[PDB]
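J.: Have a look at the structure that comes next, please.
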Amino acid sequence: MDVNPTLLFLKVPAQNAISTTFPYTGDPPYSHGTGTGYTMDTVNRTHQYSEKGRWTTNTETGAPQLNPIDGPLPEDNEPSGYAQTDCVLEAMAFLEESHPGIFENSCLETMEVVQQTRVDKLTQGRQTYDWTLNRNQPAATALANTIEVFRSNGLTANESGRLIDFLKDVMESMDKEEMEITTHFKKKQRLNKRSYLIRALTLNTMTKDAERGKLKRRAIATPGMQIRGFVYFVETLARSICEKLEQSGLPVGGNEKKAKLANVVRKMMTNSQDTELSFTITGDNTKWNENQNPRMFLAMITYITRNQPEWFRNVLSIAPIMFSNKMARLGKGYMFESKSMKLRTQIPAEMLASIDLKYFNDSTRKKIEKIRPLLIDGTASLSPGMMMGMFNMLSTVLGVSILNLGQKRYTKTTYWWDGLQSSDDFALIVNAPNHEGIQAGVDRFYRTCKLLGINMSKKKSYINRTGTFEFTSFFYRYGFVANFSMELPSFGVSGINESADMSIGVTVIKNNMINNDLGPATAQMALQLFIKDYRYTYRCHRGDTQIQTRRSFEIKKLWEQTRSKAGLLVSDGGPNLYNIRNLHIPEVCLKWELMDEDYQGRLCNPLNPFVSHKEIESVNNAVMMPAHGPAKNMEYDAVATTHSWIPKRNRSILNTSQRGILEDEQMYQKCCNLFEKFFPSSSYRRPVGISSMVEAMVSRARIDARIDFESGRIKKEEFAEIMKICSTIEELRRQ
Amino acid sequence: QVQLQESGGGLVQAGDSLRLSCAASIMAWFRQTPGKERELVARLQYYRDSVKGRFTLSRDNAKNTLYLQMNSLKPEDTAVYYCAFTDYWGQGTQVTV
Amino acid sequence: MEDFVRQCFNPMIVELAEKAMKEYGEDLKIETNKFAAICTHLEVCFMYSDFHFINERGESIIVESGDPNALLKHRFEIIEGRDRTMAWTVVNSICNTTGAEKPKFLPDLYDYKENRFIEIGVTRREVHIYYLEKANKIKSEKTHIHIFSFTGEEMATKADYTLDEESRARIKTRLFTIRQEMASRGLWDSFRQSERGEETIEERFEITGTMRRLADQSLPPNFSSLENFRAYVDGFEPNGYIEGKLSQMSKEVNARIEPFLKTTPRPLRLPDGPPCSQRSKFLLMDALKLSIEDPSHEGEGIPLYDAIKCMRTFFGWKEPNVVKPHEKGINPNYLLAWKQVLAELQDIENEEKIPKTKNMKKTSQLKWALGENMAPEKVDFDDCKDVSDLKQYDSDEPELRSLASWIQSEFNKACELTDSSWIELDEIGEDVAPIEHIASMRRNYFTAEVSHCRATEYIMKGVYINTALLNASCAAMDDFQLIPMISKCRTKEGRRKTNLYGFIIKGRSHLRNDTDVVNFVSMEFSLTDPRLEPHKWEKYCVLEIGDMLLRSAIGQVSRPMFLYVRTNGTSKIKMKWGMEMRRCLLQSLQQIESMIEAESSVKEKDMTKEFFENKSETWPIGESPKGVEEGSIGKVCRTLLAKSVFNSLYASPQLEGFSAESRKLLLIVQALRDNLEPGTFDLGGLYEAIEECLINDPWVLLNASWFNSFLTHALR
Amino acid sequence: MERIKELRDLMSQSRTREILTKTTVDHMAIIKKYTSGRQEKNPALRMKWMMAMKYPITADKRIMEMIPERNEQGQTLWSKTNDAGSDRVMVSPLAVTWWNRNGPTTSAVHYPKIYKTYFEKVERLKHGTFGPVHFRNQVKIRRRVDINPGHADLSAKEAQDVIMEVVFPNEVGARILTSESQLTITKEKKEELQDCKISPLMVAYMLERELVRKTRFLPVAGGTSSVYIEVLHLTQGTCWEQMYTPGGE
RNA sequence: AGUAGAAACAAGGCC
RNA sequence: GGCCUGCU
């Protein structure tokens with residue numbers, strides 16, 4: 001007899017055992033080298049899906065741009081980006097009519113937010129493409145570098161501390177004859193108008209790793225800092241709009257998505273009488289981002305912001321204006337090998353414009369030949385369409401408009417449709433009195449989608465009777481069925497620290513028990529395995545064992561020293577008291593009454609040199625990138641113990657010409673620590689104002705010395721010493 | 001505009017005394033010689049070291065008039081003597097010892 | 001008017017007033033009388049505060065110039081002259097230290113004698129109105145208020161005047177100096193009334209310059225300016241434009257539904273080529289175990305001593321010789337490496353105490369076997385351009401290979417029971433709730449079912465091997481290291497036992513990226529002759545190292561005993577994911593527990609015990625030439641565990657792609673079997689998407705064969 | 001005394017003087033987050049990889065003067081080589097366990113008073129009473145429920161001023177809290193935590209967690225109470241219901 | 001050789 | 001041969 005697990009589906013329905021079809025117990029695919037090939041392929045594919053448009057050359061950037069809007073209507077089922085302006089404007093108008101007051105309200109709240117938003121909001125972001133160094137750097141670092149360059153060039157309106165003023169300075173920089181940047185190898189280099197325009201309109205391309213569910217790798221993009229404020233405002237407007245649309249599912253979580261899917265299916269099927277047939281289409285959109293033209297987003301926003309202050313319209317329109325002229329950096333480059341001479345070489349992507357094509361294979365040779373005409377200063381113009389879901393929310397708005405355009409008031413026919421859209425994925429429930437009606441409805445829905453630059457993937461889509469469908473790895477079969485294979489990768493040690501890892505593991509087990517219908521015995525097994533892996537990872541074994549490690553000696557002496565050994569934490573080699581009933585309690589508090597007072601005091605000592613807290617945002621928040629989803633943050637319950645240390649940093653900056661960044665880091669951190677000691681609320685509430693550091697610090701020294709004498713340790717001798725030391729630092733700052 | 005009129009001055013013996021007054025229609029006396037500079041006498045009481053004990057500045061506020069008493073005058077005190085206030089100056093009177 | 005503040009006031013005050021001007025964001029060129037008025041307010045604040053000191057008594061000491069000493073305390077300490085944030089900082093600090101009441105508006109000074117605030121304001125109008133005005137602005141105030149006015153008059157409540165009168169004569173002399181100096185200037189046409197409390201501003205975000213031209217090039221094809229396009233949008237109204245283009249659009253743009261029937265789906269085509277080879281990092285079906293029967297636990301003990309003791313338990317060693325060559329390497333190197341390992345093992349046996357971890361010599365043998373100094377040296381392009389052989393890295397579709405029957409048998413025997421328990425679980429909090437007791441009983445049942453399973457043994461082998469390899473790579477980055485493959489089990493009798501499959505030599509492991517490869521050489525004992533399925537051992541070199549005698553009724557077999565030696569490699573990501581193989585247990589048993597719970601939701605009672613003991617219900621878990629064979633729930637547990645283990649062992653992008661694109665077709669087939677009239681828009685496209693994932697991986701090809709068999713058995 | 005002294009020492013050196021002079025208060029946050037350290041994409045892989053090194057964690061410089069450089073057998077506990085972009089020094093994990101067996105001891109009696117939420121959870125569970133498990137299909141319907149069982153009927157911003165006035169009374173600024181509920185909360189949490197020396201930031205964070213109301217969408221069947229939602233994993237399942245009554249009731 | 005698979009590893013750089 | 005780094 002030959003064993004075959006798949007035959008199990010002959011008795012258990014597919015959805016009731018779908019977890020077996022998710023090989024999420026092995027290493028996910030990773031990219032190894034350059035992503036330049038993928039970037040070039042994506043650029044060429046985006047440009048050839050809109051080949052029948054019209055070509056122009058921008059007078060500012062001098063780059064060739066392709067406009068397919070209002071182009072010839074498609075005559076085949078292949079992907080097409082020839083969106084029609086009038087059709088999309090009409091779709092938005094019908095969306096407004098079905099939801100009166102949506103645009104005006106959303107614009108009002110967006111106007112409030114834009115005129116009260118601060119610059120620091122831009123620091124709350126992941127890697128961004130700093131143009132000062134032409135590389136990806138943390139959002140805060142890139143923002144600081146750009147602000148420094150602007151201030152050195154004379155653009156100091158951002159000193160007002162307002163994001164709108166920062167954007168005003170950004171736009172004013174566009175009209176400058178010559179800017180100056182700094183490079184280390186420090187050298188001051190001058191950038192002319194066109195070079196700075198291209199550096200501000202460019203995107204950095206990388207390869208996406210840890211992407212499960214496809215054989216081929218893809219490319220993703222990261223924009224600069226000049227354009228992120230406009231993107232933030234536009235996405236704020238789009239989120240405020242989608243929050244008023246029940247057909248959208250992008251700005252919500254997973255459980256809300258399931259609830260809305262259940263509600264829509266029940267509404268569609270229940271209202272349908274015996275005569276009307278119902279069919280569900282589990283649709284995926286092929287080349288979703290490559291076929292969405294930024295000009296159409298400009299049209300949608302300018303229709304949304306009608307009868308609004310002109311400044312609001314301008315600030316919200318700046319973003320799509322820059323995306324329509326966006327450029328993409330090709331990537332890291334290409335690495336060649338010569339086996340005859342036994343050597344390797346790495347050529348940067350910027351040489352692709354001039355480098356001969358003898359080194360490249362046929363596929364890459366043709367890709368380079370096709371993309372060369374669009375190469376301007378080492379970057380390729382990508383006007384026709386978006387690169388990687390930067391306008392997720394606006395795309396969801398367009399999809400929701402398409403979904404609502406079939407409310408049976410615009411169809412003008414017996415058939416009708418509804419459903420749920422989340423960018424690149426949708427479920428469409430279509431009802432009609434007969435199979436011919438369903439066919440006509442789906443055909444018209446597809447045709448209308450093709451008029452908006454949205455394509456339906458026929459290969460990854462199928463239609464059945466309502467009651468069974470899929471949506472973003474959520475399988476609905478007369479009710480959503482748990483999978484538990486999507487969350488399997490999150491059952492190990494997170495990698496934050498000991499206490500954080502313990503709390504995160506127990507909380508993940510608890511949550512997957514609540515949401516993903518994890519069984520009790522399975523949860524107990526998960527707890528046991530997690531504890532085993534945790535002890536084997538942090539070298540913290542039970543203590544009563546003879547497992548020799550680098551940490552087994554101190555742990556054993558602590559074990560033999562303690563009297564009530566049941567109170568020792570698993571991190572210190574103690575027994576595990578966790579169970580299904582204790583999954584919502586931190587380890588420290590669960591073992592508090594069992595700890596010896598000496599060990600308890602040594603553990604939770606504020607003066608410990610290991611605990612370090614930076615800001616209110618990073619107290620008990622851990623960023624865990626979930627499998628098959630975007631990066632997410634979790635609140636984990638933990639007590640600040642000596643085990644809450646933060647791990648070592650990379651330390652490879654020491655071998656790079658960018659070595660002075662570490663000295664600047666140290667000096668900035670010293671100044672920030674001094675300010676915090678002067679202003680204790682610096683971390684919890686970020687200080688605001690327009691004065692400089694030393695003014696506030698010296699003046700508060702004055703006052704605090706005064707009052708702490710009026711009652712406290714200070715003495716006249718010390719108070720006068722502080723006053724004249726303040727005068728000394730004053731005259732020092734003078735010179 | 002507010003303006004000052006010096007009174008007093010003239011020729012005087014060595015070791016002898018003079019009374020200067022300044023009428024105004026912080027306050028001062030100053031002097032100046034050839035061969036040097038504008039030289040500080042007194043403020044109102046604050047004086048320069050070379051002049052201490054010998055000259056007594058004083059004021060009336062009622063009839064708007066300051067007084068310099070100069071006792072034990074010396075050849076090196078031969079100068080034009082001016083009054084001033086806090087911005088404005090007088091025309092000065094000459095004291096010849 | 002600004003010429004006055006150029007002339008008279010000192011720098012300190014003028015820049016203080018200029019920063020106060022910047023504070024609330026209004027411009028100085030439009031209205032300057034406010035600047036002069038508030039700078040005079042600030043000046044009176046200073047001149048009233050300074051020159052006033054206190055000593056340990058009350059009765060402030062007043063000195064025209066602060067002498068050098070510790071006695072420089074200031075009688076009145078200023079509030080204004082600071083930013084709003086700091087003004088409120090001082091307010092709150094004074095309230096919290098003085099125990100006084102917090103005012104709602106900005107004071108100007110604080111004093112000790114009377115322990116309270118002073119809000120000085122000198123207005124153009126006479127005092128006896130401005131005083132009570134600001135008083136009714138401030139609610140129930142104990143802070144004393146004192147104001148002057150240009151005429152020279154003073155006033156205050158309580159008839160209180162807090163310090164010397166010569167200072168106030170100073171104040172009013174300053175005041176009339178101001179007055180009859182504007183007399184020379186001539187400003188009272190507006191000086192009395194120049195500020196009326198204007199607060200208004202319009203936000204301006206103007207598109208101009210280059211950024212405007214960009215806006216003119218981001219419009220539809222037949223538009224010339226953003227102004228015109230916005231006007232058109234504002235004037236646009238729906239007039240049935242989607243219908244016109246829908247009618248005009250070609251009818252070939254359709255989404256016709258192709259019915260999906262029993263005869264529609266065709267079997268997935270498998271690639272053809274040379275048979276598929278073995279990819280695992282260790283032997284799974286052909287492993288052999290040398291044991292000692294020690295009482296130590298899994299992690300307890302020292303590796304090298306245990307390995308040597310286990311190997312001394314076997315007698316019959318012969319001089320090794322080549323049996324099956326690598327067919328691409330230098331087998332004599334493998335032979336010499338094996339003899340070197342034996343020699344150095346003896347060398348450890350001789351000395352005093354067995355080292356916890358041993359380093360081996362870097363001979364040419366393992367230099368070749370571990371791929372040392374073979375990475376091409378990195379150079380610059382400007383120095384290597386004329387080399388004809390210089391080209392890209394080989395980037396093409398992997399070699400095509402057809403499925404072989406060995407993977408099927410390997411999976412078959414990976415789901416079979418064993419004579420040992422390969423899982424020793426940790427401790428949990430004592431169960432207190434009845435649901436916890438039910439969970440514990442279920443867990444005990446599953447552990448009894450799966451512990452005696454080759455899948456669990458493979459899990460432990462992989463976890464231990466990858467953990468040791470990662471730790472050695474991170475610790476001994478430079479020097480080759482010896483690691484014996486150790487796994488500890490427990491017999492049926494209950495006696496604990498150790499097992500030594502072989503050895504792993506880890507090489508240079510300077511791993512920077514998650515994809516960087518660490519090469520090692522693995523040696524494992526076995527009894528399976530490699531002359532029967534040579535195509536499964538394409539990358540192995542197999543020697544003959546001894547003879548084994550296992551008790552059998554046919555005299556005694558005296559079988560040969562071979563050594564499978566190969567060069568393999570891994571990476572940080574692969575090591576990390578292989579050291580988390582225990583979650584296969586989770587996956588499998590979560591699936592089984594979901595089955596049990598779903599069935600128990602029907603009958604209102606827990607159904608675990610009868611499922612595991614009666615074994616009445618069975619699921620299709622394989623096909624025999626006679627037909628489909630069904631097994632009890634325990635066999636399903638073992639089968640799913642083996643499937644998860646093989647997923648973790650043979651993981652690859654092909655597996656992910658095939659899994660997704662075959663789950664799609666499985667859902668379609670399930671819809672067909674449920675009588676839900678399934679339909680497809682392009683089924684050929686889906687088939688081509690599935691078939692492109694099957695290239696050379698044995699596991700994915702076996703999964704595809706299983707899928708074809710399931711289709712054949714289904715659709716009936 | 002000290003604080004202004006390192007201020008003067010910083011201003012002594014030209015670079016830090018320039019940083020202090022030209023940098024405005026508003027930019028405080030930016031430069032504080034200014035770092036070359038990228039946020040890790042795969043934390044688990046490197047935590048499993050770094051812990052195999054010697055000196056894998058980081059600690060303040062003060063550790064060099066509280067913990068000896070080596071333990072009894074000579075295993076090093078800390079190193080004097082500083083981190084990449086900080087003055088902290090890299091140390092071994094043993095320095096943690098050492099601190100828990102011979103490090104300085106204090107009085108942790110006030111931690112229960114600080115971490116009110118967690119200890120209240122423990123007390124509620126310790127006195128809970130379980131019941132029989134009933135096996136029947138549960139119709140889990142998704143609903144919006146409040147998870148925090150100690151929220152004082154305050155929002156994030158609404159309680160943020162309360163938290164500042166409780167911890168940072170001087171940086172409150174204009175705000176003086178009007179609602180009398182906030183008055184009593186301030187009084188209680190002021191007199192209760194008057195000398196607690198854990199950290200201002202952690203105290204503020206835990207006060208925010210305790211007082212601020214927070215809500216999330218979850219699949220529930222029955223219950224719906226704040227105390228009954230924290231144990232939602234233990235009382236409700238796919239095909240079983242476990243009757244439970246927390247200690248509070 | 002080996003790992004791996006649309007491009008890489010099989011140490012890097014600095015003296 | 002000596003020393004530096006391992007997400008920069």
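Note on naming: chains are A, B, ... as they come in the structure tokens, residues start from 1 per chain, ligands start from 1 in the order shown.
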Write out as a PyMOL selection string which residues come within 12 Å of stretch 133-139 of chain A when counting only C-alpha atoms (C1' of nucleotides), dropping same-chain ones fewer than 4 positions away.
T.: (chain A and resi 119-129+143-146+149+181-185+189+196+198-200+202-206+221-226+228-229+329+331-332+350+378-379+657-658+661) or (chain D and resi 30-31+33-40) or (chain F and resi 8)
J.: Determine which residues of chain A sit within 10 Å of chain F, taking into account only C-alpha atoms (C1' of nucleotides), and present them as a ChimeraX atom specification.
T.: /A:136-137,649-656,658-659
J.: Residues of chain C within 8 Å of chain E, counting only C-alpha atoms (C1' of nucleotides), what are they? List them as a list in words.
T.: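 Going by the stated atoms only, the list reads residues 328, 329, 368, 369, 370, 371, 372, 373, 374, 375, 393, 394, 395, 396, 397, 398, 510, 511, 515, 516, 517, 518, 519, 567, 568, 569 and 570 of chain C.
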J.: Given the selection you just returned, output its residues as a file containing N, CA and C atoms, formatted as a PDB file, in the first residue's frame.
T.:
ATOM      1  N   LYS C 328      31.378  12.438  -9.907  1.00  0.00           N
ATOM      2  CA  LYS C 328      31.814  13.778 -10.282  1.00  0.00           C
ATOM      3  C   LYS C 328      32.938  14.322  -9.417  1.00  0.00           C
ATOM      4  N   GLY C 329      33.234  13.715  -8.266  1.00  0.00           N
ATOM      5  CA  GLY C 329      34.271  14.174  -7.383  1.00  0.00           C
ATOM      6  C   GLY C 329      35.465  13.243  -7.348  1.00  0.00           C
ATOM      7  N   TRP C 368      39.280  20.271  -0.494  1.00  0.00           N
ATOM      8  CA  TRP C 368      38.488  20.001  -1.689  1.00  0.00           C
ATOM      9  C   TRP C 368      37.055  19.630  -1.330  1.00  0.00           C
ATOM     10  N   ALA C 369      36.879  18.757  -0.335  1.00  0.00           N
ATOM     11  CA  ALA C 369      35.540  18.295   0.009  1.00  0.00           C
ATOM     12  C   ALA C 369      34.653  19.420   0.523  1.00  0.00           C
ATOM     13  N   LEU C 370      35.226  20.416   1.194  1.00  0.00           N
ATOM     14  CA  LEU C 370      34.463  21.530   1.738  1.00  0.00           C
ATOM     15  C   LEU C 370      34.459  22.747   0.823  1.00  0.00           C
ATOM     16  N   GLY C 371      35.064  22.654  -0.358  1.00  0.00           N
ATOM     17  CA  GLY C 371      35.076  23.766  -1.286  1.00  0.00           C
ATOM     18  C   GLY C 371      35.722  25.007  -0.707  1.00  0.00           C
ATOM     19  N   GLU C 372      37.030  24.949  -0.481  1.00  0.00           N
ATOM     20  CA  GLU C 372      37.779  26.048   0.110  1.00  0.00           C
ATOM     21  C   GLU C 372      38.630  26.723  -0.956  1.00  0.00           C
ATOM     22  N   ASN C 373      38.662  28.054  -0.922  1.00  0.00           N
ATOM     23  CA  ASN C 373      39.442  28.847  -1.871  1.00  0.00           C
ATOM     24  C   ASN C 373      38.988  28.597  -3.307  1.00  0.00           C
ATOM     25  N   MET C 374      37.692  28.363  -3.498  1.00  0.00           N
ATOM     26  CA  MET C 374      37.139  28.163  -4.830  1.00  0.00           C
ATOM     27  C   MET C 374      36.273  29.325  -5.296  1.00  0.00           C
ATOM     28  N   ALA C 375      35.846  30.198  -4.395  1.00  0.00           N
ATOM     29  CA  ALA C 375      35.102  31.378  -4.812  1.00  0.00           C
ATOM     30  C   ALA C 375      36.006  32.275  -5.652  1.00  0.00           C
ATOM     31  N   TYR C 393      26.339  35.286 -14.465  1.00  0.00           N
ATOM     32  CA  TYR C 393      26.128  34.011 -13.799  1.00  0.00           C
ATOM     33  C   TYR C 393      25.062  33.209 -14.535  1.00  0.00           C
ATOM     34  N   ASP C 394      25.232  31.892 -14.543  1.00  0.00           N
ATOM     35  CA  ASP C 394      24.293  31.011 -15.227  1.00  0.00           C
ATOM     36  C   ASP C 394      22.915  31.161 -14.592  1.00  0.00           C
ATOM     37  N   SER C 395      21.965  31.707 -15.353  1.00  0.00           N
ATOM     38  CA  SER C 395      20.606  31.970 -14.877  1.00  0.00           C
ATOM     39  C   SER C 395      19.636  31.380 -15.898  1.00  0.00           C
ATOM     40  N   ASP C 396      19.198  30.149 -15.653  1.00  0.00           N
ATOM     41  CA  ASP C 396      18.259  29.471 -16.534  1.00  0.00           C
ATOM     42  C   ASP C 396      17.391  28.533 -15.707  1.00  0.00           C
ATOM     43  N   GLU C 397      16.364  27.990 -16.348  1.00  0.00           N
ATOM     44  CA  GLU C 397      15.480  27.062 -15.664  1.00  0.00           C
ATOM     45  C   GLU C 397      16.271  25.830 -15.225  1.00  0.00           C
ATOM     46  N   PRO C 398      16.032  25.309 -14.022  1.00  0.00           N
ATOM     47  CA  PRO C 398      16.784  24.131 -13.572  1.00  0.00           C
ATOM     48  C   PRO C 398      16.620  22.961 -14.529  1.00  0.00           C
ATOM     49  N   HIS C 510      31.724  31.776   7.158  1.00  0.00           N
ATOM     50  CA  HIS C 510      31.639  33.233   7.259  1.00  0.00           C
ATOM     51  C   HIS C 510      30.397  33.700   6.502  1.00  0.00           C
ATOM     52  N   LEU C 511      29.246  33.478   7.131  1.00  0.00           N
ATOM     53  CA  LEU C 511      27.948  33.715   6.512  1.00  0.00           C
ATOM     54  C   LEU C 511      27.492  35.131   6.841  1.00  0.00           C
ATOM     55  N   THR C 515      21.394  34.065   2.584  1.00  0.00           N
ATOM     56  CA  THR C 515      21.514  33.085   1.516  1.00  0.00           C
ATOM     57  C   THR C 515      22.923  32.531   1.363  1.00  0.00           C
ATOM     58  N   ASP C 516      23.911  33.107   2.048  1.00  0.00           N
ATOM     59  CA  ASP C 516      25.270  32.592   1.965  1.00  0.00           C
ATOM     60  C   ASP C 516      25.306  31.141   2.421  1.00  0.00           C
ATOM     61  N   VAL C 517      26.158  30.350   1.777  1.00  0.00           N
ATOM     62  CA  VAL C 517      26.158  28.901   1.930  1.00  0.00           C
ATOM     63  C   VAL C 517      27.356  28.475   2.765  1.00  0.00           C
ATOM     64  N   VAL C 518      27.087  27.651   3.773  1.00  0.00           N
ATOM     65  CA  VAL C 518      28.115  26.945   4.526  1.00  0.00           C
ATOM     66  C   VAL C 518      28.141  25.508   4.022  1.00  0.00           C
ATOM     67  N   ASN C 519      29.319  25.055   3.605  1.00  0.00           N
ATOM     68  CA  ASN C 519      29.500  23.705   3.095  1.00  0.00           C
ATOM     69  C   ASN C 519      30.007  22.791   4.199  1.00  0.00           C
ATOM     70  N   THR C 567      29.192  15.624   0.043  1.00  0.00           N
ATOM     71  CA  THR C 567      29.378  17.044   0.309  1.00  0.00           C
ATOM     72  C   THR C 567      28.035  17.742   0.147  1.00  0.00           C
ATOM     73  N   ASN C 568      27.568  18.387   1.212  1.00  0.00           N
ATOM     74  CA  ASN C 568      26.299  19.093   1.210  1.00  0.00           C
ATOM     75  C   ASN C 568      26.532  20.516   1.697  1.00  0.00           C
ATOM     76  N   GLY C 569      25.478  21.324   1.650  1.00  0.00           N
ATOM     77  CA  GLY C 569      25.571  22.701   2.093  1.00  0.00           C
ATOM     78  C   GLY C 569      24.228  23.198   2.573  1.00  0.00           C
ATOM     79  N   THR C 570      24.276  24.239   3.400  1.00  0.00           N
ATOM     80  CA  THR C 570      23.068  24.865   3.914  1.00  0.00           C
ATOM     81  C   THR C 570      23.305  26.363   4.031  1.00  0.00           C
TER      82      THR C 570
END
J.: State, in Å with one decimal place, the distance from atom CA of residue A:46 to atom CA of residue A:85.
T.: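 Taking atom CA of residue A:46 and atom CA of residue A:85, their separation equals 19.2 Å.
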J.: Write out as a PyMOL selection string all residues of stretch 515-713 of chain C that backbone DSSP assigns to helix (DSSP H, G or I).
T.: chain C and resi 534-537+572-578+583-600+608-613+633-649+653-673+683-691+698-713
J.: How many Å separate atom CA of residue A:335 from atom CA of residue C:378?
T.: 10.1 Å
J.: Contacts from chain A to chain E, 9 Å maximum, only C-alpha atoms (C1' of nucleotides): show me the residue list as a PyMOL selection string.
T.: chain A and resi 31-35+37+216-217+334-335+655-656
J.: Can those selected residues be exported to a file as a CSV table (one decimal), in the first residue's frame so that it contains N, CA, C and O atoms?
T.:
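Written file, out30.csv:
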chain,number,residue,atom,x,y,z
A,31,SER,N,15.4,35.7,-2.6
A,31,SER,CA,16.3,36.1,-3.7
A,31,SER,C,17.7,36.2,-3.2
A,31,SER,O,18.0,36.5,-2.0
A,32,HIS,N,18.6,35.9,-4.1
A,32,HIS,CA,20.0,35.8,-3.8
A,32,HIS,C,20.9,37.0,-4.2
A,32,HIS,O,21.7,37.5,-3.5
A,33,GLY,N,20.6,37.6,-5.4
A,33,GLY,CA,21.4,38.6,-6.0
A,33,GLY,C,20.7,39.9,-6.3
A,33,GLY,O,19.8,40.3,-5.6
A,34,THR,N,21.0,40.5,-7.5
A,34,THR,CA,20.5,41.7,-7.9
A,34,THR,C,19.0,41.6,-8.2
A,34,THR,O,18.5,40.5,-8.6
A,35,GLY,N,18.3,42.7,-8.1
A,35,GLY,CA,16.9,42.8,-8.5
A,35,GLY,C,16.7,43.6,-9.8
A,35,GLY,O,15.6,44.0,-10.1
A,37,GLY,N,17.2,42.8,-12.9
A,37,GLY,CA,16.5,42.1,-14.0
A,37,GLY,C,15.0,42.2,-13.8
A,37,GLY,O,14.2,42.5,-14.7
A,216,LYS,N,8.2,32.5,-9.0
A,216,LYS,CA,9.1,33.6,-9.4
A,216,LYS,C,9.1,34.7,-8.4
A,216,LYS,O,8.2,34.9,-7.7
A,217,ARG,N,10.3,35.4,-8.4
A,217,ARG,CA,10.5,36.5,-7.5
A,217,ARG,C,9.9,37.8,-8.2
A,217,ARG,O,9.8,37.9,-9.4
A,334,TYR,N,24.6,44.2,-11.8
A,334,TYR,CA,24.7,42.8,-12.3
A,334,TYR,C,26.1,42.3,-12.0
A,334,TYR,O,27.1,43.0,-12.1
A,335,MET,N,26.2,41.1,-11.5
A,335,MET,CA,27.5,40.4,-11.2
A,335,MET,C,27.8,39.4,-12.3
A,335,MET,O,27.0,38.6,-12.6
A,655,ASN,N,33.6,49.6,8.6
A,655,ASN,CA,34.4,49.3,7.5
A,655,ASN,C,34.0,50.1,6.3
A,655,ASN,O,34.5,49.9,5.2
A,656,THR,N,33.0,51.0,6.4
A,656,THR,CA,32.5,51.8,5.3
A,656,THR,C,32.9,53.3,5.4
A,656,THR,O,33.2,53.8,6.5
J.: Which residue, D:20, D:243, D:152, D:176, has the smallest gap to chain A when you use only C-alpha atoms?
T.: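 Among D:20, D:243, D:152, D:176, it is D:20 that comes nearest to chain A.
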J.: What is the distance between atom CA of residue D:201 and atom CA of residue D:1, in Å to one decimal?
T.: 23.2 Å
J.: Choose the residue, out of B:83, B:69, B:53, B:26, that has the smallest atom-to-atom separation from chain C; count only C-alpha atoms.
T.: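 For chain C, the nearest of the given residues is B:26.
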J.: Please check the contacts: residues of chain D at most 10 Å away from chain C, using only C-alpha atoms, listed as a ChimeraX atom specification.
T.: /D:42,44-46,48-54,129-138,169-176,234-235,237-244
J.: Neighbours of residue D:80 within 10 Å (only C-alpha atoms (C1' of nucleotides); same-chain residues fewer than 6 positions away dropped), as number ranges by chain?
T.: D: 61, 63-64, 69, 88-91
